[PDB]
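These notes concern the structure reproduced below.
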Amino acid sequence: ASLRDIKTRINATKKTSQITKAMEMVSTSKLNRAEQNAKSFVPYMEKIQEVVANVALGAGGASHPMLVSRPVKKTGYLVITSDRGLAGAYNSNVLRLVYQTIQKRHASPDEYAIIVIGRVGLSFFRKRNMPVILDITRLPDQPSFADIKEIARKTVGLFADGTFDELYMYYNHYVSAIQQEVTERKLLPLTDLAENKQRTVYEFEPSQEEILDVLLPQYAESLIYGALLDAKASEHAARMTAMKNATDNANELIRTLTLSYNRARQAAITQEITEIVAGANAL
Amino acid sequence: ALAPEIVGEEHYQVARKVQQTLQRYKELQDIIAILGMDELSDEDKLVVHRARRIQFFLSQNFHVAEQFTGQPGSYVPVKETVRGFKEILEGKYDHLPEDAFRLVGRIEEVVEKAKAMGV
Amino acid sequence: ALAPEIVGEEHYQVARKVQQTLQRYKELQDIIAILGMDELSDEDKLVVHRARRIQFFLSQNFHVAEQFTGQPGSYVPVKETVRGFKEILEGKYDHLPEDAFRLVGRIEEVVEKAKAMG
């Protein structure tokens with residue numbers, strides 16, 4: 001490689017390193033905000049979980065609780081991905097798990113459907129020609145409940161509509177800045193609920209079959225929102241880690257390239273001076 | 001001597017396809033060096049997956065090298081070499097770990113040592 | 001020369017501890033700039049607390065600077081330097097303000113300066 005080529009490579013790598021460092025710091029701040037946003041959601045989830053556990057337990061209930069007896073004509077899959085790359089294996093892990101799971105237990109596209117959050121997953125499924133029925137494809141960095149209210153409402157409505165009798169949802173669970181766990185959870189029907197007490201209900205019942213009909217969809221939507229918050233935190237952590245690694249690799253490459261450039265420079269100067277002296281004393 | 005009328009048509013095809021995959025792998029080294037395999041397309045991921053295994057399978061344990069390590073050497077006929085590389089190119093052994101292709105000889109030894117280790 | 005064979009075991013250990021603390025403080029700079037001091041863990045806060053005081057205690061009032069500052073200079077023996085840095089690392093002066101370490105000689109002058117300020 002010539003001196004000009006090595007110098008151009010050095011400058012390009014320096015610019016790339018600066019960009020990656022800036023992206024890492026921005027993602028760090030976004031991860032902090034996502035963690036506090038997820039923290040702000042805990043009391044509502046705890047309240048609704050307690051209310052559902054108190055009310056639904058001990059009765060037949062609506063078509064949502066248990067109802068394992070419902071035969072499965074079609075299974076719905078809800079997958080949460082990001083809208084941008086540079087997040088490491090964040091999207092690839094979830095997409096591979098979804099693909100393997102559906103291929104392991106479905107023989108035809110007629111018996112399952114997919115709801116996708118994120119254009120990278122959307123493009124994945126479109127390139128693999130799979131039956132996607134819903135998508136959002138554009139979401140803020142710190143989404144609010146109103147951002148996914150309509151899509152969660154449609155998803156929970158499709159279960160009672162009889163379109164499909166099963167909900168599975170796949171997302172990355174935030175454990176630390178280095179570890180993200182791909183998670184599968186059964187959303188609908190509610191497979192099982194725990195118990196803290198039997199009579200800690202808020203609304204003393206006017207009518208069970210009416211309170212359940214409004215309580216259960218809200219519980220499902222809250223679960224979807226909590227998973228979305230977890231996924232956003234995981235995405236920001238993944239971006240931060242990936243950009244940190246990219247910056248470190250770029251710095252190492254800059255170091256080695258500079259060493260090679262200096263060797264080439266010294267060798268050049270030697271060659272011209274030797275040629276000059278050889279020509280001079282040839283006379 | 002690398003010509004279809006000297007070594008044979010399938011030998012020539014296998015050699016050229018191996019060289020093509022290795023060239024494509026070489027063209028990506030800067031991208032993998034900076035940011036790894038995560039942003040590669042699906043085709044390039046398969047190219048890397050095949051190329052690393054081909055590159056490792058090009059290694060061999062020599063009879064003479066038995067003094068440096070206790071592993072005895074192997075003699076591989078050219079028919080066996082061609083068949084093994086054709087099988088690797090066809091995607092037969094995509095599920096085997098890439099460390100099982102190091103310093104073995106025939107293609108069956110790759111399966112044997114993959115079984116000996118965890119698989 | 002920074003080797004225990006010739007400089008002494010205590011001197012060597014104190015020097016390595018000081019360098020380690022300052023390296024950790026150097027690492028924490030980006031996260032401090034991004035998230036602020038309050039987001040750090042308790043031991044990181046302790047590291048910052050020790051490191052700022054060490055960094056300030058590395059300064060000194062020179063004799064040749066008296067003509068400009070009005071403050072007399074100091075000559076600090078290496079034994080006094082080692083003892084003072086050991087005491088700072090042990091947390092004997094965590095409660096003193098960081099400005100008391102600015103430009104002094106021996107460790108006792110830090111206490112005197114803090115007392116003079118208040």
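The chains in the structure tokens are called A, B, ... from first to last as shown; in each chain the residues are counted from 1, and the ligands are counted from 1 in the order shown.
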
Against chain B, which residues of chain A fall within 9 Å? For each one I want the closest pair of atoms and the distance in Å (one decimal), counting only C-alpha atoms, rows by chain and increasing residue number, as a tab-separated table.
residue	atom	partner	partner_atom	distance
A:85	CA	B:39	CA	7.2
A:86	CA	B:39	CA	6.8
A:87	CA	B:38	CA	8.1
A:88	CA	B:38	CA	5.5
A:89	CA	B:38	CA	6.0
A:92	CA	B:38	CA	8.2
A:242	CA	B:35	CA	7.9
A:243	CA	B:35	CA	8.4
A:245	CA	B:35	CA	7.6
A:246	CA	B:35	CA	5.3
A:247	CA	B:34	CA	8.2
A:248	CA	B:34	CA	8.8
A:249	CA	B:34	CA	5.6
A:250	CA	B:34	CA	5.9
A:253	CA	B:34	CA	8.1

Could you work out which residues of chain C fall inside 10 Å of chain A? Count only C-alpha atoms, and format the result as a list in words. residues 30, 31, 33, 34, 35 and 39 of chain C

Identify, on the basis of only C-alpha atoms, every residue whose closest approach to residue A:144 does not exceed 10 Å; exclude the query and any residue fewer than 3 positions from it along the same chain; express the result as a ChimeraX atom specification. /A:37,139-141,147-149,225,228-229

Selection from above, C-alpha atoms, as a PDB file, in the first residue's frame, can you write it?
ATOM      1  CA  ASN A  37     -39.559   4.833  31.866  1.00  0.00           C
ATOM      2  CA  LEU A 139     -42.323   4.104  17.033  1.00  0.00           C
ATOM      3  CA  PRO A 140     -40.614   6.695  19.261  1.00  0.00           C
ATOM      4  CA  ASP A 141     -37.495   6.030  21.299  1.00  0.00           C
ATOM      5  CA  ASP A 147     -48.514   4.955  20.763  1.00  0.00           C
ATOM      6  CA  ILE A 148     -49.444   1.243  20.814  1.00  0.00           C
ATOM      7  CA  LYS A 149     -52.992   1.470  22.194  1.00  0.00           C
ATOM      8  CA  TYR A 225     -46.919  -2.516  26.794  1.00  0.00           C
ATOM      9  CA  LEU A 228     -42.546  -3.268  24.618  1.00  0.00           C
ATOM     10  CA  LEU A 229     -40.791  -1.266  27.338  1.00  0.00           C
TER      11      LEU A 229
END

Do you have the atom CA of residue A:220-atom CA of residue A:42 distance handy?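 Computed distance, atom CA of residue A:220 to atom CA of residue A:42, equals 15.3 Å.
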
Set the distance at 12 Å and use only C-alpha atoms: which residues neighbour residue B:42 once local chain neighbours fewer than 4 positions away are removed? I'd like the list as a list in words.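 Selected residues are residues 92, 124, 127 and 128 of chain A; 37, 38, 46, 47, 48 and 49 of chain B.
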
Identify, on the basis of only C-alpha atoms, every residue whose closest approach to residue A:167 does not exceed 6 Å; exclude the query and any residue fewer than 4 positions from it along the same chain; express the result as an mmCIF file with C-alpha atoms, in the first residue's frame.
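Wrote selection.cif, looks like this:
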data_model
loop_
_atom_site.group_PDB
_atom_site.id
_atom_site.type_symbol
_atom_site.label_atom_id
_atom_site.label_comp_id
_atom_site.auth_asym_id
_atom_site.auth_seq_id
_atom_site.Cartn_x
_atom_site.Cartn_y
_atom_site.Cartn_z
ATOM 1 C CA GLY A 76 -50.887 -15.748 16.326
ATOM 2 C CA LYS A 186 -47.934 -17.019 26.137
ATOM 3 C CA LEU A 187 -50.173 -13.944 26.000
ATOM 4 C CA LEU A 188 -53.680 -15.293 25.332
#

Between atom CA of residue A:142 and atom CA of residue A:82, what is the distance, to one decimal in Å? 12.5 Å

Please give the complete set of residues from chain B that DSSP, run on the backbone, assigns to alpha helix (DSSP H), formatted as a PyMOL selection string. chain B and resi 4-7+9-27+29-35+42-57+78-89+107-116

Could you list, with a cut-off of 9 Å and counting only C-alpha atoms, the residues of stretch 26-71 of chain C near stretch 93-106 of chain C, each shown with its nearest atom pair and the distance in Å rounded to one decimal, rows sorted by chain and ascending number, as CSV?
residue,atom,partner,partner_atom,distance
C:49,CA,C:94,CA,7.5
C:50,CA,C:94,CA,7.3
C:52,CA,C:98,CA,7.1
C:53,CA,C:98,CA,5.6
C:54,CA,C:101,CA,8.2
C:55,CA,C:101,CA,8.7
C:56,CA,C:102,CA,5.1
C:57,CA,C:101,CA,5.0
C:58,CA,C:102,CA,8.4
C:59,CA,C:103,CA,5.6
C:60,CA,C:103,CA,4.8
C:61,CA,C:103,CA,5.2
C:62,CA,C:103,CA,9.0

Neighbouring residues of stretch 199-210 of chain A were defined as those with any atom within 7 Å, considering only C-alpha atoms; residues of the same chain fewer than 2 positions away were excluded. Please report them as a PyMOL selection string. chain A and resi 51+54-55+61-62+197+212-214

Quote the spacing between atom CA of residue A:165 and atom CA of residue A:125 in Å to one decimal place.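 Separation between atom CA of residue A:165 and atom CA of residue A:125: 21.6 Å.
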
Skipping near chain neighbours, those fewer than 4 positions away, what residues fall within 8 Å of residue C:18 using only C-alpha atoms, listed as a PDB file with N, CA and C atoms, in the first residue's frame?
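Produced file selection-v6.pdb, reproduced below:
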ATOM      1  N   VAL C  14       2.108   2.287  47.626  1.00  0.00           N
ATOM      2  CA  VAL C  14       1.362   3.542  47.607  1.00  0.00           C
ATOM      3  C   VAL C  14       1.306   4.104  46.191  1.00  0.00           C
ATOM      4  N   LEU C  22      -6.256   6.772  39.974  1.00  0.00           N
ATOM      5  CA  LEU C  22      -6.365   7.782  38.926  1.00  0.00           C
ATOM      6  C   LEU C  22      -6.779   7.174  37.593  1.00  0.00           C
ATOM      7  N   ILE C  54      -6.493  13.381  45.586  1.00  0.00           N
ATOM      8  CA  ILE C  54      -5.141  12.978  45.204  1.00  0.00           C
ATOM      9  C   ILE C  54      -4.611  13.881  44.096  1.00  0.00           C
ATOM     10  N   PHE C  85       0.219  10.585  51.046  1.00  0.00           N
ATOM     11  CA  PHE C  85      -0.616   9.899  50.067  1.00  0.00           C
ATOM     12  C   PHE C  85      -1.231   8.630  50.642  1.00  0.00           C
ATOM     13  N   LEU C  89      -5.231   7.924  50.818  1.00  0.00           N
ATOM     14  CA  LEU C  89      -5.826   6.695  50.304  1.00  0.00           C
ATOM     15  C   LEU C  89      -6.613   5.953  51.374  1.00  0.00           C
TER      16      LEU C  89
END

For each of A:191, A:27, A:11, A:18, take the minimum atom-to-atom distance to residue A:166, counting only C-alpha atoms, then give the residue where this is smallest.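 Between A:191, A:27, A:11, A:18, the residue approaching residue A:166 most closely is A:191.
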